[PDB]
2 protein chains.
Amino acid sequence: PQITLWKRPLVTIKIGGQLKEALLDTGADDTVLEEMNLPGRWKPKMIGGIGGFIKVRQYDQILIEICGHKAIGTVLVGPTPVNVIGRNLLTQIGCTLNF
Amino acid sequence: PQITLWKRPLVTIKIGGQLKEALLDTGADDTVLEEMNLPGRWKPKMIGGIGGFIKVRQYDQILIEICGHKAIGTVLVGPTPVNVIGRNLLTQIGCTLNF
Ligand SMILES: CCC(CC)CN(C[C@@H](O)[C@H](Cc1ccccc1)NC(=O)O[C@H]1CO[C@H]2OCC[C@H]21)S(=O)(=O)c1ccc2ncsc2c1
């Protein structure tokens, strides 16, 4: 679809078999989801945002469907203010900016 | 134009008679720019993201040119690690997400 930006670009995602709402965030290199249970192994990592750095759990090679489009990639889980879909997955679903 | 997301979507902007580089950021409600000494009045504000909040100065009705597209709106100035063009201005240049 073509998404205008008068509202937040929020979409429904499926991860670990569960539906959630997430923000399509072209300013995020990485995908960061709020605290949740995910199966598989993970590794502790640090990511920095506008206000500093937080601790996250890095899950690699996770299946995630974004607005009906499948991706498989890295998902960081931690105290982000909102679920964000970053460029690592936006590229997989073929997302571009256009003006 | 069409911008892919393999790399950060950085573009040149013109603001306050200065040229700078900023991200086209669909996850940013507002526009947040590096410290610069703009003229005129301003209101204090706090904006939150990964890692917490930063304190910024809110300037209204600021003229900004983004890839030769003109806009006018609110700009927040403060110790942000990256210049971000937010939805308040992206809507004005006709920017959409597409997949
Ligand atoms: C609440 C949703 C997100 C936070 C998640 C908001 N951010 C915009 C993001 O695009 C931010 C913009 C950004 C980019 C780079 C440094 C600092 C901020 N990117 C970001 O934090 O990405 C992180 C995840 O991937 C990593 O790649 C970049 C940093 C990592 S922000 O910078 O904190 C921001 C911008 C305008 C704004 N107006 C009101 S609140 C508010 C918050």
Side-chain angles (χ1 to χ4, degrees), chain A residues 1-11 13 22-33 47-51 53 64 66-67 69 71-76 80-99, chain B residues 1-16 18-36 47-51 54 56 62 64-99:
Chain A
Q2 178 172 79
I3 299 172
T4 57
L5 300 169
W6 309 97
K7 300 167 56 168
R8 293 183 164 235
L10 293 165
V11 298
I13 64 169
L23 183 71
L24 302 178
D25 188 351
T26 57
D29 301 342
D30 306 315
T31 293
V32 194
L33 305 181
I47 54 161
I50 202 166
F53 291 72
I64 169 166
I66 304 155
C67 209
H69 288 72
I72 308 178
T74 296
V75 176
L76 311 179
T80 177
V82 299
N83 298 323
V84 298
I85 308 302
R87 288 189 299 98
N88 71 314
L89 302 182
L90 292 179
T91 57
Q92 290 202 18
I93 62 167
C95 191
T96 61
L97 287 166
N98 301 88
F99 55 99
Chain B
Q2 175 170 293
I3 300 170
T4 61
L5 300 168
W6 296 113
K7 63 154 87 156
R8 292 185 173 188
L10 284 162
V11 301
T12 304
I13 67 179
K14 187 204 285 187
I15 175 177
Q18 288 188 305
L19 302 187
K20 314 199 161 265
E21 300 298 288
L23 289 191
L24 301 182
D25 190 353
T26 64
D29 287 351
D30 303 321
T31 298
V32 192
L33 300 180
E34 61 181 90
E35 178 60 44
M36 61 189 313
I47 58 169
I50 282 172
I54 58 162
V56 294
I62 302 297
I64 297 191
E65 193 174 292
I66 303 154
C67 291
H69 293 253
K70 292 195 184 76
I72 178 159
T74 295
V75 181
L76 310 177
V77 177
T80 174
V82 174
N83 299 327
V84 311
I85 302 298
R87 295 190 290 102
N88 71 307
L89 301 180
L90 297 175
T91 55
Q92 298 187 37
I93 66 171
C95 189
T96 56
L97 285 167
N98 298 267
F99 58 99

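Naming convention: chains lettered A, B, ... in sequence-line order (proteins, then strands); numbering from 1 in each chain.
Qualifying side chain to side chain contact (heavy atoms under 4.5 Å, CB included) partners for A/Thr74, counting only residues two or more places apart in sequence or in other chains: A/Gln58, A/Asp60, A/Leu76, A/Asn88.
With rounding to the nearest 0.5 Å, the separation of CD in B/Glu21 from CD1 in B/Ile13 is 8.0 Å. The CG atom of A/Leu23 sits 11.5 Å away from the CG atom of A/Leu33 when rounded to the nearest 0.5 Å. Atom CD of B/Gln92 is separated from atom CD1 of B/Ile64 by 9.0 Å, given to the nearest 0.5 angstrom. Here the CD atom belonging to A/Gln2 is positioned 4.0 Å from the OG1 atom belonging to B/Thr96, to the nearest 0.5 angstrom. Distance check: B/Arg8 CZ to B/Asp25 CG gives 10.0 Å after rounding to the nearest 0.5 Å. Note that the CG atom of B/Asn83 and the CG atom of B/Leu10 stand 9.0 Å from one another [nearest 0.5 Å].
Using a 3.5 Å distance cut-off with no hydrogens or angles, the side chains of B/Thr80 and B/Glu34 do not pair a donor with an acceptor.
Residue A/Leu89 comes nearest to A/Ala71 through the heavy atom pair CD2-CB, 4.0 Å, listed as atom of the first residue, atom of the second, then distance. The heavy-atom pair separating A/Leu5 from B/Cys95 by the smallest distance is CD1-O, 3.4 Å. Across B/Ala22 and B/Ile85, no two heavy atoms sit closer than the pair CB-CG1, 3.7 Å. In terms of heavy atoms, A/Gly49 sits closest to B/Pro81 at O-CG, 4.2 Å. A/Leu24 and B/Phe99 make their closest contact through CD1-CE2, 4.0 Å (heavy atoms, listed as atom of the first residue, atom of the second, distance). A pairwise comparison of heavy atoms in A/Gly48 and B/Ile50 identifies C-CG2, 4.0 Å as the closest pair.
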Check against side-chain contact (heavy atoms from CB on, under 4.5 Å), B/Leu97 and A/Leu97: CA-CA 5 Å; B/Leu97 285 167; A/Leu97 287 166; 3.6 Å; yes
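Of the candidates B/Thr26, B/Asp29, B/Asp30, B/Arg87 forms a side chain to side chain donor-acceptor pair (under 3.5 Å) with just one, namely B/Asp29.
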